[PDB]
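As structure tokens, one chain now follows by itself in the form deposited in one PDB entry.
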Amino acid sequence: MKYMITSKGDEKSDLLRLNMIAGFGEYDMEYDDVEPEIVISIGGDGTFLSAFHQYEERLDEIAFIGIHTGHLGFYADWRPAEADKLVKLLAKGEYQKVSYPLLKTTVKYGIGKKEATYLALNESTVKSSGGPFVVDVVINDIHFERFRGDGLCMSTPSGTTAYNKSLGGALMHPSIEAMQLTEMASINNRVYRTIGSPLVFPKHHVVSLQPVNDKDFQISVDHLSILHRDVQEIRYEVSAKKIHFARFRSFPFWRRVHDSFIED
């Protein structure tokens, strides 16, 4: 139906996009970047994340597809050589959609109410604004720990192969509706203690970070990173919303992991 194509913007990706637009012109496919039904990302995983956040208000009406023009992007399940086969199978349709869970981040501020919510496909992280980073971690209203260190990272399942992995987190198959919290350089001695281990939470569990001294934090959501001031609370939970991928052939997650980290 309606489709759109976002491009990394280098010469290689722009030309692939133009050629795919020409190929779609031979079918009942209409280019519309306002309310598309298929969103094709041509570039890398960064390009795909921007595509996701470009259309995160219409997630349930869109199936995403990624083409990697550089090396294998984790959200890319297509090489540029297969772009014509992509046009054709997409044109005919009859594909099946797969859904990965997402992370909801709520940021509460002081001096009254006011709230901001964000959706993450990889992760959301919290760091301080220059000084020391100290937050109380509250799990389902239960005070769990006082964290002192560089920061905290909350990952989706498909995010576990990204920042989460570099922090020592586990890789979880994206059929598991969960989120995973990992530490960044916690201090542990006689007076300061954190769990250390990554923590994996199911749906409906709420993880709340609460300031202890400084109330300014650098908060990231995927690629976006903003300094938030007068923060009262940061709440993490598995979103009710999901991202849908258009799948045309079997490419299992664990094979995707193998290709990306073991050999290809």
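Heads up: residue numbers just count along the shown sequence, starting at 1. Take the two forms, superpose them, and find the largest set of C-alpha atoms that agree within 1.5 Å; that set is the rigid core.
Gaps at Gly112 occur in at least a third of the other compared entries of the protein that contain both adjacent residues. Compared with other deposited structures of the same protein, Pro211 does not meet the criterion of being unmodelled in at least one third, since all of those that resolve residues on both sides include it. Mean C-alpha B-factor is higher over 62-70 than over the other stretch, the pair under comparison being 62-70 and 193-201. Stretches 37-45 and 212-220 differ in mean C-alpha B factor, with the higher average recorded for 212-220. Taking the deposited Cα B-factors for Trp78, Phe144, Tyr118, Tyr100, the highest one is held by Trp78. Which of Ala170, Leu181, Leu89, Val138 has the largest Cα B-factor in the deposited entry comes down to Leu89. When the modelled residues of the chain are ordered by C-alpha B-factor, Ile262 sits in the middle third. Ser166 sits in the lowest third of its chain by CA B factor, as recorded in the PDB entry. Sorting the modelled residues of the chain by their CA temperature factor places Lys114 in the highest third.
Ranked by C-alpha B-factor against the other modelled residues of its chain, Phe52 falls in the middle third.
Compared with the other modelled residues of the chain, the Cα B-factor recorded for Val238 ranks in the lowest third.
Keep in mind the form deposited in another entry is missing from the figure; the text below concerns it.
Once both forms are overlaid on the rigid core, the distance between the two CA positions of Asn188 between the shown form and the other one is 2 angstroms or more.
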